[PDB]
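Enquirer: This is the structure I want to talk about, given as structure tokens.
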Amino acid sequence: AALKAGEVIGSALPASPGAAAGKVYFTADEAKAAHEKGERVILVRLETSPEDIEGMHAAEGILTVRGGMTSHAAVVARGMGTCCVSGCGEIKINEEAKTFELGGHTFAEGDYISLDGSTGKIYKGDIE
């Protein structure tokens, strides 16, 4: 089902083999609330850091504009087996909130998306 014609937006580099479905968010604080309300959260950042770990767990998924073949982002992910992406096309961030424009769609920090980690293919809407 799907994954054969999903309206996928783009595909960055496969940081760590992972699969997740969470709502976009650019803060470890929002994860604390989410993690306590429903979890399933994602994290977008122009740079990854260790201490953010707590934010990493709650964020079983991470789509950043930076990162690379290997770095704190991946290294930490490979250790936490968490799904994470790094270095995408030209994700333009929109302050309207905290979005990122990629492929042919604008993902705003205010929706639900499903990103893959095993080849590096992002998708939106919880598959089923």
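Those letters in the sequence shown? Residues 384 to 511, per PDB author numbering, in order. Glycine included, C-beta positions come from ideal geometry on N, C-alpha and C.
1) Please give the ranges of any beta strand (DSSP E) in the segment 421 to 473, keeping only runs that are unbroken, at least 3 residues long and fully inside the region.
2) Along the chain, where does the beta strand (DSSP E) containing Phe483 start, and where does it finish?
3) Counting C-beta neighbours from all protein chains within 10 Å, is the total for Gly464 16 or more, i.e. buried, or is it exposed?
4) What three-state label does DSSP hand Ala388 in the structure shown?
5) Compute the Euclidean distance between the alpha carbons of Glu479 and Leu446, then round it to the nearest angstrom.
Expert: Taking the geometry as given:
1) 444 to 446 and 466 to 469
2) Numbered from 1 along the sequence shown, position 100 holds the residue referred to as residue 483. Looking at the DSSP string, the run of the beta strand (DSSP E) that includes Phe483 is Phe483 to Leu485.
3) In the sequence shown, counting from the first residue as 1, residue 464 sits at position 81. Looking at its Cβ environment, which holds fewer than 16 other Cβ atoms inside 10 Å, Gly464 is exposed.
4) Taking the first residue of the sequence shown as position 1, residue 388 is located at position 5. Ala388 falls in the coil class under three-state DSSP.
5) Locating residue 479 in the sequence shown gives position 96, where the first residue counts as 1. Locating residue 446 in the sequence shown gives position 63, where the first residue counts as 1. Rounded to the nearest angstrom, the two C-alpha atoms are 18 angstroms apart.
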